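Numbering (the authors' numbering), first residue to last: 1 to 71.
Structure, as structure tokens:
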Amino acid sequence: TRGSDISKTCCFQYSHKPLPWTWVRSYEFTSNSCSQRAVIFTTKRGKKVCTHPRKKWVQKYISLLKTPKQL
Numbered sequence: 001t002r003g004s005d006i007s008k009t010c011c012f013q014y015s016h017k018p019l020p021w022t023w024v025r026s027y028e029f030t031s032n033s034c035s036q037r038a039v040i041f042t043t044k045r046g047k048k049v050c051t052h053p054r055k056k057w058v059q060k061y062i063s064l065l066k067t068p069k070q071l
């Protein structure tokens with residue numbers, strides 16, 4: 001099974017700034033086993049940053065960065 005299932009990483013530093021989609025790659029929500037809860041955006045170099053789902057701009061990058069259609 002060459003899929004993905006190791007996104008264990010909470011969040012504790014939200015960045016306020018629209019990342020350049022040219023250097024953006026994807027995103028991911030925090031796991032339920034985390035002391036806190038937040039969203040995460042990732043760049044094309046591997047720099048994954050944390051963010052909050054409340055900020056409208058964030059919900060805009062989450063949907064833009066492919067929809068979380070995980071059934």
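Beta carbons: idealized from backbone N, C-alpha and C, even for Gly.
Shown here, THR42 sits in a strand according to DSSP, grouped into three states. Counting only runs of 4 or more residues that sit fully inside the stretch 4-70, the alpha helix (DSSP H) segments are 56-64, in chain order. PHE12 counts as exposed, since fewer than 16 other C-beta atoms from the protein chains shown sit within 10 angstroms of its C-beta. By alpha-carbon distance to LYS48, the top candidate from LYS69, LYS55, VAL39, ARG54 is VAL39. Of all alpha-carbon atoms in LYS56, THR1, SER63, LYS44, the one lying nearest the alpha-carbon of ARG25 is that of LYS44.
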